[PDB]
Amino acid sequence: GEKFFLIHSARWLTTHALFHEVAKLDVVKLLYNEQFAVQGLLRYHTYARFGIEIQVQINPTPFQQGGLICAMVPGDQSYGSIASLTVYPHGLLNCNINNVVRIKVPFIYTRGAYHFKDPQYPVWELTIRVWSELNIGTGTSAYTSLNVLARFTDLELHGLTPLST
Amino acid sequence: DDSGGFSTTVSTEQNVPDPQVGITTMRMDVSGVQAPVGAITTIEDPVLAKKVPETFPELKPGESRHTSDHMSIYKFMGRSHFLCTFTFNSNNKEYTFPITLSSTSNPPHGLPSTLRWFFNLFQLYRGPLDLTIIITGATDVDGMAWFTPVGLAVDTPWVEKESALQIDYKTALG
Amino acid sequence: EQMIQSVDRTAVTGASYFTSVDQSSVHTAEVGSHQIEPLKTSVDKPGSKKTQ
Amino acid sequence: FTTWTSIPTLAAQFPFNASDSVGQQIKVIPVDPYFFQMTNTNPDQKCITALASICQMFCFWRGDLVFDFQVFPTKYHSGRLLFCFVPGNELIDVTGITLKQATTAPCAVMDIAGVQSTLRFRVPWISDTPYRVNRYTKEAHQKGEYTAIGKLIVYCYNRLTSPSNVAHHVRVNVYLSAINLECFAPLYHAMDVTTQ
Amino acid sequence: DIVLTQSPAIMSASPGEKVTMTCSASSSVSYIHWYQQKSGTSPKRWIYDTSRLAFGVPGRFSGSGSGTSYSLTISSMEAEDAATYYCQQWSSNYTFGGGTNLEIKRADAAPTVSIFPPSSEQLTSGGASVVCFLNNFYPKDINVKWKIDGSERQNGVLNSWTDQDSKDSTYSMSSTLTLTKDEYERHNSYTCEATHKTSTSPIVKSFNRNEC
Amino acid sequence: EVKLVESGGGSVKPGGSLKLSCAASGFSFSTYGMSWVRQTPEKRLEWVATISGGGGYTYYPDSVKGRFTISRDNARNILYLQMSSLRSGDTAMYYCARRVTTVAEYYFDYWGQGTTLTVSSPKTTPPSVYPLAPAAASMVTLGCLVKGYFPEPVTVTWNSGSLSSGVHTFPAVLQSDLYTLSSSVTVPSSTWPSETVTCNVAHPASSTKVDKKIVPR
Amino acid sequence: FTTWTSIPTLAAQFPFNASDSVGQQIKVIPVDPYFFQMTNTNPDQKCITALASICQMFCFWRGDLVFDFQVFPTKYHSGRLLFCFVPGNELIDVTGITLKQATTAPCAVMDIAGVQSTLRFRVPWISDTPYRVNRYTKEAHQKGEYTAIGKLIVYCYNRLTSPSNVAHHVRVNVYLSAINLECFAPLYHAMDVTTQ
Amino acid sequence: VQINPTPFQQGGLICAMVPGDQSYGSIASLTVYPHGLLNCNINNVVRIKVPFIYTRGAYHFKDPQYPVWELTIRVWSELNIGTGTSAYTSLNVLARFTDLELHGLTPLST
Amino acid sequence: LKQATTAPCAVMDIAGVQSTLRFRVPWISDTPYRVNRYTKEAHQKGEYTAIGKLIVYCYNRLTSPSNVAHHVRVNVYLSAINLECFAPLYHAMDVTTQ
Amino acid sequence: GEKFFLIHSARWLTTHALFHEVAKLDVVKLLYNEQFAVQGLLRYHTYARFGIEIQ
Amino acid sequence: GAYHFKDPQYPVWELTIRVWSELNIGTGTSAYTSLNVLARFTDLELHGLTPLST
């Protein structure tokens, strides 16, 4: 369970405007899924709690330019204004310097522990925005990839049960 | 690391609450003729973020005059705030309202004004609260106000009507 | 925090009267070393300025 | 509350063009916790800083500010901006200052390229008075009552040079946050967007 | 037994305007792939995953949608895009979309009519085929009838459609009416006219049998 | 450069069998699963088969399940699609496509030109070739009528194709189990009938070639 | 013999295209001392590693392997490959694994650009059995008798981005060598080129 | 050994010092020998050092049996270029003796 | 039957000198408590009372000589320990039936 | 993984003769199966070794 | 070395059960009786994570 998993990926283009959301992702709801062998652990357990750690990666060619922003927001942005996302734990992808960021959050949620079959609401929504639009040269690739990683920490379980089947 | 984290690079922290006290005080001169090195720095790896900002010559910024200190959350929120208000057209009817942090809920039904602005600053909240109410108009009117926990049988919110609840079922609730 | 090893961009060689200054640089690759194979091929004093 | 107040957040984002002229005035910043010009379209919502959200609850404030400027260049663009601070009121007309006559006032220099993507900058508190009012509630302009301790201006210190094949202009974000802040006299004021 | 629908079957668009087409599902589907097919050519790599792109494609194309709903979106129409666009799901039983014809829009053009009496050698074959060509016309949709001796007959009519021309952006329609010999010789005047949103009154072309 | 070449196929009477072959090049073949996909004449598509990297696993949709066979020899980088007990609903265009991998799903990349399977049982038929001539203005419209050929490929070429720019080829409709198309050439009055106008009808399946000069009446 | 066995040598060289697609499988490596696909034309001779030349004399082997990957980019290309190892036999069909379902198995990430031109990588010995046979002599496929402890796959982790004026695609060599090797049971087998 | 790839170019070269000849020794393994890898990315230079290896007592110039050290160089990863970049690049080589010993003065060289 | 045993389980034998099986369900919840819902009538998502169902399977058939009663009743006792509760109220609990 | 699992069951009758095999079972092949949550552990692992205990 | 699930060579532990002394019954007694079996691993060790199971 402690290991990393590729989760979600999307390419990032020029035509995205300011704060055009490139990535609206969910941590939990995606992990639980048929495609992994970590699936095994949860699918037999009702209750789990855990910490999360995230990797985010891109590869801007240094002739490109722009910047991205990774915010880990429990619940949702809701009506919380865009501007302030830096309040949350976060890092800033910057074509210039860092090509990578690492964020680490422990558990935050309103109940005792998360429950998969009937999630109240997604624990960690992972938002990503266009922080400074991508401006390109001529002939440069006008796109660039984006990838995401995750792993649990201090994962604890409870409540074995077949009813998942 | 029992938790298995491997790494070469330093692991650190970010955004530690209450780094400093609101009132200005001394809990010398500040910085000059030594080096203004922190001026230029990179904003990503929180290490360099956690450096102290320094730009120009400074002087220790004197002292607050008054002790009453307004930037501690409590001393602020001590002052109450409006919540909700309504009327009655009738005798012997009951009105109920929920107390709900829903930001989606929009007043007149929902948290108005300051409180609305308030509770969206932070994810979690817990603990007691202080309800006050205030009355107006005709006198020698009687009332009973009971508090109902979440989820137990309760008549509709935002409604002026007579209840079906056993007076017992009411009063025993406190 | 153990830093990874730093590539050496700048290093200088030299011999006799000669000099180089190189930006591609790296360490030199030896194998073995000077040797004396005790059964001697030709036992005259080895040639040198003195010799010639 | 020190937390929200101490963390840099977005404020305003201005373009910077290759066609820009030396000694020009690119953008002008009234310096308050209360300034945010940024906005978004769909969904309909308007930027507001962390900081701007707190002091808009208070009648008064004083303390340093921190403008962290972050530029997103290539390596191969090059140029210098400038920061020139001008104490005064908020309504004083600075539009008539040359490049020279600006530099006289306190200033800072910055280079676009580098391994340094951020300039921390700290405006020491300069005032006649121990505080500043939040005026915006009281509508018309009352003499002497001031919010911004002065404007801040960004000149174009050099032109912007760059090879032919790369993007022609560089945006820069303006972060904002404070330290040694103190405030009091609470109130409720929705702060509508300062525009321009 | 899990099927897709693509809301527009046929859509025409002019250069310089925004374009939208939508593949919809009979259930929830995580991802949908798009394919592009041009005349006489095997369909090709187009847009895979959801909004990701193929290499060769120009960058003015986009897509979005989620769950059961997904949409392909073209920023600014240009002429080189005319094709059919197929969608797909990999969910369970592999399935394709019904296709959406993308078409260039232009100013209208009235038909150029040519009607040919049958070939003599066809008559000596004991039958006749009355043939009428509508060439270089726009829009494509048109209604035609065969008039014979003042009456109208709908039987024995065959109609062919080309693809939009590469240059003038028009259509050319085939209409053939094949009788037997005597039924041909049962008449005199053979007439094809067509109802076209351009020309109010029909465009009539006719000829006499007892002639020639 | 990826090169996919489909081979074999044609008209086959119901109950007959056939096997098809796709030739691959320009990529290591064993490393990519392969597949066949059908194209019905309606410009509607359907997925008939896949085989995995090695012999491995084979996947079939329900409809053709058990009636078709897919196989691989990676030694030649060539496929085999084995069909049997075909019926008429099977007539379509078939393609071979290399199946590759994306984040969560499978996706097709390169498609060959594909060959044509036709399930039906009339005889190979040549088309009848008739001229089209008028009984008026500065420009002349003519044609040739190709009628009654079952095997679908034909070829209309005007005066050895020099006039193709004004030649609108009209697709073939089927009736009476024999196919009917039309091809028209547009000419100014100065050329016709001052010069020779003759369409070249080429029906490769019956290897029949008919030249009909169009002269006015 | 430890000498020949411990020194990295060439194995296989695959191209990597700008036109490559995310999540694609670029190349697949059966993991043995016995794999070399490389070859030359004139003069007529066929690549063989150091290592491949030794174990092809032995019936059995076990120990770690070292795949050192060396990429030859510009500075101005950028991208990430991936290495995903898949224990099993040699004949197990991996062609049907997505990008996701691969990463579950042990993996490594790598960046093209940098001052780092080489990734050392070490496949820890994973087997049911203390050894592996050299099968290639015995011709047909006998169940259970295995050589490669599993395939190794190289995905395309990102697309390959680069300015317009430079080479469009990047080759990468695959070195090969071992450590803590042990072998026994000598024999003479000429190993003909594994192709594909 | 020295080159100067302009960093927009790319490729790599391999320098092997092989006594005798490659003979039928397969190409692939040259790294066994002492060697370095010219890489457009990082190193523009290499330095190799060998002591004496040969089958007889010492080399003889007038009548060399066979060349002691053949110096081979190969195209390790082909040069791929942009457009307008110089499609060529130079290569140079240096040498010096060490512990040079001599014997047998004689005019017969003339 | 199989997929049940995966979850925690206990076995018991009918015959013996042992007429009683003590059994203790350790507290398992997402939440520190459980509501008493029954007052609030309709079914509101997420608000739960029983931390889970308990099931009694028939692990073997029931064998017995011919001359004795053919079937065996079993009582289910109930009680708690380390209990804690709060937030009083008055609710007449009508009989749960089924 | 360490926990018990019901595996296989069959009734036993009179008509069985001497050494009539009532039960021919396999430990492993039955455990690995969709019906359990212990299934999870193996299905993601190639190689396993272990001791067995039976009731 | 250790068992392998996707391609088991041969089953490790076959569990056999036989009729050791036949069941003789009275009259009216149930002529049948149930039989059940349980298992658990011990010192379970694993190796070789991999998606290929899917």
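Descriptive notes on the structure:
Lettered A, B, C, D, E, F, G, H, I, J and K in written order, each chain numbered from 1.
Keep in mind that, in the parts below, a contact is a pair of C-beta atoms (placed from the backbone, for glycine too) under 8 Å apart; a residue touches a chain by one contact, two chains touch by 3 or more.
For the interfaces B-I and A-D, the C-beta contact count is higher for A-D.
A simple rule picks the central chain: find each chain's mean C-alpha point, then take the one closest to the mean of all protein C-alpha atoms, which gives A.
Centre-to-centre, using mean CA coordinates, chain C is 16 Å away from chain H. Rounded to whole angstrom, the centroid-to-centroid distance between chain A and chain H, based on C-alpha atoms, equals 52 Å.
The distance from the centre of chain A to the centre of chain K, each centre being the mean of the chain's C-alpha atoms, comes to 44 Å.
Rounded to whole angstrom, the centroid-to-centroid distance between chain E and chain K, based on C-alpha atoms, equals 67 Å.
Within chain D, the positions touching two or more other chains are listed as 4, 7-8, 70, 115, 117, 165, 175. Residues of chain H found to touch two or more other chains are 42.
The multi-chain contact residues of chain B, meaning those touching 2 or more other chains, are 15, 42-44. Chain G makes touch with chain A in their complex at residues 18, 22-23, 75-80, 98-101, 103-104, 107, 109, 111-113, 157-159, 161-165. Of all the residues in chain E, the ones that touch chain G in their complex are 48-49, 52, 54-56. Partner chain B is touched in their complex by these residues of chain C: 1-2, 4. Contact residues of chain I toward chain K in the complex are 59-61, 63-67.
Chain contact summary for the complex, chain A toward chain E: residues 10-11, 13-15, 142-143.
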